[PDB]
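Novice: The structure follows.
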Amino acid sequence: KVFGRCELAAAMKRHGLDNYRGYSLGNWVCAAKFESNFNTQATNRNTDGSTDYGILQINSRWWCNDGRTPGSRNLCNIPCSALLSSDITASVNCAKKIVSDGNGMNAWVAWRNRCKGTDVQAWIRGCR
Ligand SMILES: [Cl-]
């Protein structure tokens, strides 16, 4: 599923991300835009052999099991395919664990380079 901007903002809010660990909703929408273009089915391979999955591009090195990342962990205790569902619950729950791990949203390189320090509220402006 390819979300619309305001549609995703609403789903993220219902699932508890607005000001989760101090990050307003616009931060999460901006992050999803540049990680996945709002597409739940986005995948991208990393040079180390891991893969990033879903609307927030969660990495199989640490967070989910895809059966093809040797020496990896599965800290969210899910198959990586669950992060590709049209239902974003698994992605959101795993993202909350990531953002609580000490580096905040700097765990997402696209957030650090394209969202951090910008007017991220613009990503939710106009939304009901
Ligand atoms: Cl933080």
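Novice: Return the total of residues in the range 71-128 being basic (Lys, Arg), touching a residue at least 60 places away in the same chain (Cβ under 8 Å) and not in a loop (DSSP other than H, G, I, E, B).
Specialist: Result for the range 71-128: 2.
Novice: Further question: Going by the structure shown, is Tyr23 crowded, with 22+ Cβ neighbours inside 10 Å, hydroxyl-bearing (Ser, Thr, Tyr) and under 15 Å from the mean Cα position of the chain (by Cα)?
Specialist: no
Novice: If I ask for residues that are surrounded by fewer than 16 Cβ atoms within 10 Å (Cβ to Cβ) and more than 16 Å from the ligand (Cβ to nearest atom), which ones from the range 115-126 would you list?
Specialist: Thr118, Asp119, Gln121, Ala122, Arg125, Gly126
Novice: Can you report the number of residues in the range 1-25 which are of a type in the set (D, E, K, R), assigned to a loop (DSSP other than H, G, I, E, B) and closer than 20 Å to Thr118 by Cα?
Specialist: Residues meeting the conditions: 2.
Novice: With the requirement that a residue be among the small types (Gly, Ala, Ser) and out of contact with any strand residue (DSSP E or B) (no Cβ under 8 Å at 6 or more places or on another chain), what does the range 87-128 give you?
Specialist: Selection gives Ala90, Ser100, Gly102, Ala107, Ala110, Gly117, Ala122, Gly126.
Novice: While we're here: Hey, among the residues in the range 26-60 that are in a strand (DSSP E or B) and among the charged types (D, E, K, R), which one's farthest from the chain's Cα centre (by Cα)?
Specialist: Ranking the qualifying residues of the range 26-60, first place goes to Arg45.
Novice: Right, next: Out of all the residues in the range 1-15, which are out of contact with any helix residue (DSSP H, G or I) (no Cβ under 7 Å at 6 or more places or on another chain) and either of a type outside the set (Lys, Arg) or more than 16 Å from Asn93 (Cα to Cα) (or both)?
Specialist: Those that are out of contact with any helix residue (DSSP H, G or I) (no Cβ under 7 Å at 6 or more places or on another chain) and either of a type outside the set (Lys, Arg) or more than 16 Å from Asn93 (Cα to Cα) (or both): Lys1, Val2, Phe3, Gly4, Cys6, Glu7, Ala10, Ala11.
Novice: Scan the range 79-111 residue by residue and report those that are within 13 Å of the ligand (Cβ to nearest atom) and crowded, with 19+ Cβ neighbours inside 10 Å.
Specialist: Narrowing the range 79-111 to residues within 13 Å of the ligand (Cβ to nearest atom): 96, 98-108, 111.
Scanning the range 79-111 gives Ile98, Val99, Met105, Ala107, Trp108, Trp111.
We did not get these values from a lab; they are worked out from the coordinates using the rules stated. Backbone-built Cβ (ideal geometry, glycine too); neighbour counts: all protein chains shown.
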